[PDB]
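Student: Protein chains in written order, with the working numbering: chain W, 1 to 336; chain Z, 337 to 458; chain P, 459 to 507; chain A, 508 to 905.
The beta-carbon is built from N, C-alpha and C at its ideal position, and this holds for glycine as well.
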């Protein structure tokens, strides 16, 4: 499996803007890119900023240019009720929890809670014609679409570029009277501004004191990163160069598997002369389709969630219906 | 008319590795789908492999052991089949769907070859 | 999404997926013609009368 | 804006027209069909080829008896005879005088040359017509393939052109066709399962590599000559070879309308029958105001030279007086005379020369110049050459 983890090993974590980190607009390492919800049993795929699985089950995230990590069982997400984390690899997560209106994920390392909530809908899709909200304990098997638990090299790929020159106001410091740029251990950077003429200089692990520009607020020392990469996201500037240099494949591609689906109660049938009455007591809202076996169908479709009595007329040509997931039933009358 | 020719299979011991090949012949230029299905004695038909262009899909009981490769230029699929278990014995069929005839008189949509027998001995 | 043809088609034709096709619905009459060789015939006297 | 037009189906000759809005300058359109192909709905049924008499070694048993084992090969014939006295290079194979039995079983198999030499059968109907067009609307020239059925428009610069279905569903092909070596013939081959000896279709195969063939060669075994181990067989000659020696002329030279046939896929093209209608949908952004184009005053015709031949043979000098110098389209509303060019460049006070074709002894036609009309009139002279090497560029009025 390392053959497939080495692909995402050497890229980066990255930080981004967040609408709500519990205090107004914010900058968080827990930005959510987008949400896709097409699976039937409620499986959802999330595309976060911090990557997962890199160690069995752990999260690694950036913080103001520094990397940190935490075991996976301390981060929690929810929509209306608590969700559950199944597996995480690379930038992507697979989750399972019912419908909602927003996705809110958070954690608590120190005595400060990090969070982000986003308004992207998650939709629970029932398999078949018998809708529900939580899959039943028992029923029958049907082929639906669910997101595979395995991570294998499929044909789907995503794009990845070089990082932008992110700024850092913390590095520039004041001497007795001067501005000092102090790059961290073994990192390269580029300092820019116009306080006098124009100055665009580069530093390679050397601290530099500038005689001019003897104040704080004026100007900037961008970083440089060469051996790490970022995803093509709107929350990062694009550095010089229109090159692409590579792409990576996605895990958790949709798959086909067997699926448990409910079974409706057996309808109570009462017969009559060219007429049949149906008594129906659904546990949950269910569909009904009925059609004649002649050239004119007169197909009739209903959704019923309450008990009711329904009478139908049957000719010699024949009657047919399905109530729920049961096999079709065809009734054929004669003369009496 | 378009047909599928299946080759490969045979009698082998468990733990071996084989290759199954299915080739398409007739009046075709491009193929949307090519897939593999298995039929064991006394049971119904089931899917095994599922290849179309770059994307691939695998079943629950076939993950991590069998690999499918497709060549649209030759209109062939090669199922590299490994790590044999006694439950894998069956007759394997190759299916093609979404055929785009090269005008190319439009005709039947799907096709079905005769298939090949794969037997594994403990 | 609307109801399927397998649930609203006339004459109760059952539609399957692999080749797009329909089966098991009654319409019209099939004429048949037979050319039977003389080898399968038998003489009247050899049969009970 | 919806506009309707018609086109006699014929490649090579160009077509010029102007759409005239009541208050804006006419917009020119030029059309040139390159290839007009007509592909049928053709479904393969079977294939045939030379056959080879499959003959095993004779089965000789010496003072005894034998039985027939059916291999179930196509058109197999098995027989056993007695009273054989075979010989060999080293004397007598047997010492018996009678009671010796020999068995022969014969069949037919596909020749090794089936791949490179084989005649295909085909069932044809439902011709669909396609075309390559070179069209310029408002100096927007394009070359494009288009489905000229009653749908499937092609759009460029907002202009949507739709070529409707043909007015005639005639096809050069018959219902059953035979293909071989790139030549096409309309022939009535017998259908699968009903082949007869000594004629086409004696050997029958679903596909080239079906590996299951039906056959009626009427193979008959015969008593071998005494004192020799061999098996004589009699059968009708190859009906494929008889058809090869018959070979009525090809459709490529027998088809009416002069329709030429090529088979990379089966298709026919470049032969004129009927008319194709065109429907233009023009967006309202391509129309230019009159004041932005030259306008003329006191324009007059003169006919310099006349030859009412197949080719353009009428030269007209038009003398004008223009407020501006700029290209404009010239059109003849009627079919009396057909112009050569789609547009003419125009000076301030010069004169223009126009080439056209007409079939009238005494032409009198109204030309439409950039915004006005002029009435050219005159008489014309006959041609000199009796035959030319190109078709007619104009119509034949009554």
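Whether or not the region 231–240 of chain W and the region 124–143 of chain W are in contact is what I'm after, with contact meaning three or more pairs of Cβ atoms, one per stretch, closer than 8 Å; do they touch?
Tutor: No, the region 124–143 of chain W is not in contact with the region 231–240 of chain W.
Student: Where do the ends of the beta strand (DSSP E) carrying residue 53 of chain W lie?
Tutor: Counting along the chain, residue 53 of chain W falls outside any beta strand (DSSP E), and DSSP gives it neither H nor E.
Student: Considering just the uninterrupted stretch of the beta strand (DSSP E) at residue 872 of chain A, what are its terminal residues?
Tutor: Looking at the DSSP string, the run of the beta strand (DSSP E) that includes residue 872 of chain A is 871–875.
Student: If we call anything under 8 Å between Cβ atoms a contact, is residue 484 of chain P one with residue 465 of chain P?
Tutor: No, they are not a contact pair.
Student: Would you tell me roughly how many angstroms separate the C-alpha atoms of residue 115 of chain W and residue 125 of chain W, rounded to the nearest one?
Tutor: Cα to Cα, the separation comes out at about 28 Å.
Student: Since residue 342 of chain Z meets chain P, which of its residues come closer than 7 Å, beta carbon to beta carbon?
Tutor: Within 7 Å Cβ-Cβ: nothing; residue 342 of chain Z doesn't reach chain P, min ~17 Å.
Student: Give a yes or no on whether 8 Å exceeds the smallest Cβ distance from residue 371 of chain Z to chain P.
Tutor: With 8 Å as the cut-off, residue 371 of chain Z does not count as an interface residue toward chain P.
Student: Quick one: complete beta strand (DSSP E) runs, 3+ long, within the region 549–634 of chain A?
Tutor: DSSP runs (the beta strand (DSSP E)) wholly in the region 549–634 of chain A: 558–562, 566–568, 584–589 and 608–617.
Student: Do the region 71–90 of chain W and the region 46–57 of chain W meet, that is, are 3 or more Cβ pairs less than 8 Å apart?
Tutor: Because the criterion of three Cβ pairs below 8 Å is met, the region 71–90 of chain W and the region 46–57 of chain W touch.
Student: List, from N- to C-terminal side, the beta strand (DSSP E) runs of 3 residues or more that fit wholly inside the region 394–431 of chain Z.
Tutor: Listed in chain order, they are 402–407 and 412–418.
Student: I need the DSSP call for residue 798 of chain A, collapsed to helix, strand or coil.
Tutor: Here residue 798 of chain A sits in helix by DSSP.
Student: Pick out whichever of W/14, W/25, W/52 and W/48 has its Cα sitting closest to the Cα of residue 66 of chain W.
Tutor: The option with the nearest alpha carbon to residue 66 of chain W is W/14.
Student: Taking 8 Å as the CB-CB limit, is residue 293 of chain W close to chain P?
Tutor: At least one chain P Cβ lies under 8 Å of residue 293 of chain W.
Student: List, in order along the chain, the chain Z residues whose C-beta lies closer than 7 Å to that of residue 156 of chain W?
Tutor: Result: 391.
Student: Could you tell me which uninterrupted beta strand (DSSP E) segments, each at least 3 residues in length, are contained entirely in the region 467–501 of chain P, listed from first to last along the chain?
Tutor: Counting whole runs of 3 or more residues, the region 467–501 of chain P contains the beta strand (DSSP E) stretches 472–474 and 479–481.
Student: List the DSSP bridge partners of residue 100 of chain W.
Tutor: W/122, per the DSSP bridge assignment.
Student: I believe residue 191 of chain W touches residue 221 of chain W by the beta-carbon criterion, under 8 Å. Please report the beta-carbon distance rounded to the nearest angstrom.
Tutor: Indeed they touch by this definition, with Cβ atoms about 5 Å apart.
Student: Any residues in the region 246–276 of chain W with a beta carbon nearer than 7 Å to a beta carbon of chain Z? Which ones, in chain order?
Tutor: Cβ contacts with chain Z: 255, 256 and 257.
Student: Hey, does residue 478 of chain P have any beta-carbon neighbour from chain Z nearer than 8 Å?
Tutor: Closer than 8 Å: yes.
Student: Can you find at least 3 beta carbon pairs, one from the region 873–883 of chain A and one from the region 836–846 of chain A, that sit closer than 8 Å?
Tutor: A contact exists between the region 873–883 of chain A and the region 836–846 of chain A.
Student: Suppose you measure from the CA of residue 626 of chain A to the CA of residue 556 of chain A; what does that come to, to the nearest Å?
Tutor: Using only the alpha carbons, I get a separation of about 6 Å.
Student: Would you say residue 377 of chain Z lies against chain A (beta-carbon separation less than 8 Å)?
Tutor: It does not: the Cβ of residue 377 of chain Z has no partner Cβ on chain A nearer than 8 Å.
Student: Run through the region 657–736 of chain A for me and flag every whole alpha helix (DSSP H) of 4 or more residues, listed as ranges in chain order.
Tutor: Listed in chain order, there is nothing to give.
Student: Indicate the three-state DSSP secondary structure (helix, strand or coil) for residue 152 of chain W in the structure shown.
Tutor: Residue state, collapsed to three classes: coil.
Student: In three-state terms, what does DSSP make of residue 72 of chain W?
Tutor: The answer is helix: DSSP assigns residue 72 of chain W an H, G or I state.
Student: I'd like to know if residue 656 of chain A contacts chain Z, where contact means its C-beta is closer than 8 Å to some C-beta of that chain.
Tutor: No, because no Cβ of chain Z sits closer than 8 Å to the Cβ of residue 656 of chain A.
Student: Going by DSSP in three states, residue 4 of chain W sits in which element: helix, strand or coil?
Tutor: Looking at residue 4 of chain W - three-state DSSP - the assignment turns out to be helix.
Student: Nearest to residue 438 of chain Z by alpha carbon, out of Z/362, Z/350 and Z/341?
Tutor: Checked all of Z/362, Z/350 and Z/341; the closest Cα to residue 438 of chain Z is Z/362.
Student: Residue 863 of chain A and residue 882 of chain A - do their beta-carbons sit closer together than 8 Å?
Tutor: Result no, Cβ atoms of residue 882 of chain A and residue 863 of chain A do not sit closer than 8 Å.
Student: Buried or exposed for residue 737 of chain A, please, with buried defined as at least 16 other CB atoms from any protein chain shown within 10 angstroms of its CB.
Tutor: It is exposed - the Cβ of residue 737 of chain A has fewer than 16 other Cβ atoms within 10 Å.
Student: Leaving out the 5 sequence neighbours to the left and right, which residues in its chain are closer than 6 Å to residue 606 of chain A when beta-carbon positions are compared?
Tutor: Cβ neighbours of residue 606 of chain A beyond the five flanking positions: 570.
Student: Which residues in chain Z have a C-beta closer than 7 Å to the C-beta of residue 546 of chain A? List them in chain order.
Tutor: Simply 439.
Student: Could you check which residue in W/197, W/84, W/177 and W/202 has the C-alpha nearest to that of residue 183 of chain W?
Tutor: Considering only alpha carbons, the answer is W/202.
Student: Could you name the residues of the region 398–418 of chain Z whose beta carbon sits closer than 9 Å to any beta carbon of chain W, in the order they occur along the chain?
Tutor: Under the 9 Å Cβ criterion, the region 398–418 of chain Z contributes 399 and 400.
Student: Which partner residues of residue 302 of chain W appear in the DSSP bridge assignment?
Tutor: The partner list for residue 302 of chain W (beta bridge, DSSP) reads W/288.
Student: Which residue marks the beginning of the beta strand (DSSP E) containing residue 62 of chain W, and which one marks its end?
Tutor: Unbroken beta strand (DSSP E) run through residue 62 of chain W: 58–63.
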